[PDB]
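For reference, the structure discussed in these notes is given below.
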Amino acid sequence: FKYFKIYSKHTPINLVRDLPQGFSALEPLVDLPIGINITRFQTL
Amino acid sequence: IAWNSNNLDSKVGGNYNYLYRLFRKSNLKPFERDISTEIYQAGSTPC
């Protein structure tokens, strides 16, 4: 989360739990300019 | 780009369709809109 540019990247993990090694960089996806500030965020 | 518009927005008895903010406690971010109307506390003794 960063005009909201959403950098995305798909990672093919193959494990059970807490983060393994392996890596990549992150590609921007789409920009929708909200035009007003943001204070918080949440996942449902 | 600017151009005068008296054909419409200045009525016979005067226009009362447009508004503005007099004095604001906080400043304005570049490219941000202010749509919050409230009794601004000029001094102490909250309104």
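Starting from 1 in every chain, residues are counted up; chains themselves are A, B, ... following the order of the structure tokens, and ligands are numbered from 1 as listed.
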
Please list as number ranges by chain every residue within 10 Å of residue A:36, counting only C-alpha atoms and excluding residues in the same chain fewer than 6 positions away. A: 3; B: 29, 31-34

Store the residues picked out above in a file with N, CA, C and O atoms, as a short mmCIF file (atom, residue, chain, number, x, y, z; two decimals), in the first residue's frame.
data_model
loop_
_atom_site.label_atom_id
_atom_site.label_comp_id
_atom_site.auth_asym_id
_atom_site.auth_seq_id
_atom_site.Cartn_x
_atom_site.Cartn_y
_atom_site.Cartn_z
N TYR A 3 -3.53 8.71 -4.77
CA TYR A 3 -2.92 7.83 -5.80
C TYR A 3 -2.46 6.54 -5.11
O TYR A 3 -1.32 6.52 -4.60
N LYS B 29 -3.62 19.88 2.93
CA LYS B 29 -2.67 19.11 2.14
C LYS B 29 -2.79 19.49 0.67
O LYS B 29 -3.89 19.80 0.19
N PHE B 31 -3.58 19.04 -3.02
CA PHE B 31 -4.63 18.20 -3.60
C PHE B 31 -5.39 17.43 -2.51
O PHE B 31 -5.38 16.20 -2.46
N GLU B 32 -6.05 18.19 -1.64
CA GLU B 32 -7.00 17.59 -0.71
C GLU B 32 -8.23 18.47 -0.61
O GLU B 32 -8.12 19.70 -0.69
N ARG B 33 -9.39 17.85 -0.44
CA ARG B 33 -10.67 18.54 -0.40
C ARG B 33 -11.14 18.66 1.05
O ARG B 33 -11.01 17.71 1.83
N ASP B 34 -11.68 19.82 1.40
CA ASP B 34 -12.23 20.08 2.72
C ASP B 34 -13.75 20.09 2.61
O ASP B 34 -14.34 21.00 2.01
#

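Residues in contact range of residue A:24, defined as at most 10 Å between only C-alpha atoms, with sequence neighbours fewer than 3 positions away removed, read residues 9, 10, 11 and 27 of chain A.
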
Mind writing the picked residues with N, CA, C and O atoms as an mmCIF file, in the first residue's frame?
data_model
loop_
_atom_site.group_PDB
_atom_site.id
_atom_site.type_symbol
_atom_site.label_atom_id
_atom_site.label_comp_id
_atom_site.auth_asym_id
_atom_site.auth_seq_id
_atom_site.Cartn_x
_atom_site.Cartn_y
_atom_site.Cartn_z
ATOM 1 N N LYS A 9 2.790 -9.367 -6.074
ATOM 2 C CA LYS A 9 3.643 -10.440 -6.561
ATOM 3 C C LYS A 9 3.151 -11.745 -5.962
ATOM 4 O O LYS A 9 2.824 -11.806 -4.774
ATOM 5 N N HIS A 10 3.101 -12.779 -6.791
ATOM 6 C CA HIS A 10 2.583 -14.080 -6.398
ATOM 7 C C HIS A 10 3.745 -15.004 -6.066
ATOM 8 O O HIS A 10 4.671 -15.165 -6.867
ATOM 9 N N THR A 11 3.690 -15.614 -4.884
ATOM 10 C CA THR A 11 4.796 -16.433 -4.405
ATOM 11 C C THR A 11 4.342 -17.874 -4.202
ATOM 12 O O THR A 11 3.434 -18.138 -3.402
ATOM 13 N N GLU A 27 5.684 -6.074 -7.889
ATOM 14 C CA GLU A 27 5.293 -5.313 -9.065
ATOM 15 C C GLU A 27 4.025 -4.505 -8.808
ATOM 16 O O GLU A 27 3.058 -5.024 -8.246
#

Write down, as an MDAnalysis selection string, each residue of chain A that has any atom within 10 Å of an atom of chain B, counting only C-alpha atoms. chainID A and resid 34:37

Which value, in Å to one decimal, gives the distance between atom CA of residue A:20 and atom CA of residue A:8?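 Here the two named atoms are 18.7 Å from each other.
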
DSSP on the backbone, then: every residue of chain A marked strand (DSSP E or B), written as JSON, numbers by chain. {"A": [4, 5, 6, 7, 8, 27, 28, 29, 30, 31, 32]}

Output file for the selection above: N, CA, C and O atoms, as a PDB file, in the first residue's frame:
ATOM      1  N   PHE A   4      -3.302   5.508  -5.109  1.00  0.00           N
ATOM      2  CA  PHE A   4      -2.944   4.275  -4.360  1.00  0.00           C
ATOM      3  C   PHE A   4      -2.366   3.201  -5.283  1.00  0.00           C
ATOM      4  O   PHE A   4      -3.150   2.458  -5.899  1.00  0.00           O
ATOM      5  N   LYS A   5      -1.034   3.118  -5.353  1.00  0.00           N
ATOM      6  CA  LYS A   5      -0.369   2.083  -6.187  1.00  0.00           C
ATOM      7  C   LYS A   5      -0.272   0.785  -5.380  1.00  0.00           C
ATOM      8  O   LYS A   5       0.288   0.826  -4.266  1.00  0.00           O
ATOM      9  N   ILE A   6      -0.803  -0.315  -5.921  1.00  0.00           N
ATOM     10  CA  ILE A   6      -0.814  -1.603  -5.164  1.00  0.00           C
ATOM     11  C   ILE A   6       0.224  -2.556  -5.763  1.00  0.00           C
ATOM     12  O   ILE A   6      -0.099  -3.229  -6.742  1.00  0.00           O
ATOM     13  N   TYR A   7       1.420  -2.617  -5.177  1.00  0.00           N
ATOM     14  CA  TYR A   7       2.469  -3.505  -5.664  1.00  0.00           C
ATOM     15  C   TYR A   7       2.141  -4.938  -5.271  1.00  0.00           C
ATOM     16  O   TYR A   7       1.935  -5.230  -4.090  1.00  0.00           O
ATOM     17  N   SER A   8       2.104  -5.826  -6.257  1.00  0.00           N
ATOM     18  CA  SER A   8       1.718  -7.210  -6.045  1.00  0.00           C
ATOM     19  C   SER A   8       2.774  -8.149  -6.607  1.00  0.00           C
ATOM     20  O   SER A   8       3.553  -7.783  -7.492  1.00  0.00           O
ATOM     21  N   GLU A  27       5.684  -6.074  -7.889  1.00  0.00           N
ATOM     22  CA  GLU A  27       5.293  -5.313  -9.065  1.00  0.00           C
ATOM     23  C   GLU A  27       4.025  -4.505  -8.808  1.00  0.00           C
ATOM     24  O   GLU A  27       3.058  -5.024  -8.246  1.00  0.00           O
ATOM     25  N   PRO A  28       3.991  -3.246  -9.243  1.00  0.00           N
ATOM     26  CA  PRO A  28       2.764  -2.450  -9.111  1.00  0.00           C
ATOM     27  C   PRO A  28       1.658  -2.969 -10.017  1.00  0.00           C
ATOM     28  O   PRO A  28       1.912  -3.529 -11.086  1.00  0.00           O
ATOM     29  N   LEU A  29       0.411  -2.783  -9.574  1.00  0.00           N
ATOM     30  CA  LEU A  29      -0.730  -3.398 -10.244  1.00  0.00           C
ATOM     31  C   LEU A  29      -1.753  -2.393 -10.765  1.00  0.00           C
ATOM     32  O   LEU A  29      -2.151  -2.478 -11.931  1.00  0.00           O
ATOM     33  N   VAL A  30      -2.200  -1.439  -9.944  1.00  0.00           N
ATOM     34  CA  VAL A  30      -3.292  -0.544 -10.316  1.00  0.00           C
ATOM     35  C   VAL A  30      -3.240   0.699  -9.433  1.00  0.00           C
ATOM     36  O   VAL A  30      -2.783   0.655  -8.290  1.00  0.00           O
ATOM     37  N   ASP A  31      -3.716   1.822  -9.977  1.00  0.00           N
ATOM     38  CA  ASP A  31      -3.688   3.107  -9.274  1.00  0.00           C
ATOM     39  C   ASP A  31      -5.084   3.726  -9.310  1.00  0.00           C
ATOM     40  O   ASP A  31      -5.574   4.105 -10.379  1.00  0.00           O
ATOM     41  N   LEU A  32      -5.725   3.817  -8.142  1.00  0.00           N
ATOM     42  CA  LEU A  32      -6.973   4.558  -8.001  1.00  0.00           C
ATOM     43  C   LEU A  32      -6.773   5.707  -7.027  1.00  0.00           C
ATOM     44  O   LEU A  32      -6.679   5.463  -5.814  1.00  0.00           O
TER      45      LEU A  32
END

In Å to one decimal, how far is atom CA of residue A:2 from atom CA of residue B:36?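 Atom CA of residue A:2 lies 24.9 Å from atom CA of residue B:36.
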
Please report the interatomic distance between atom CA of residue A:15 and atom CA of residue A:1 in Å with one decimal. 26.4 Å
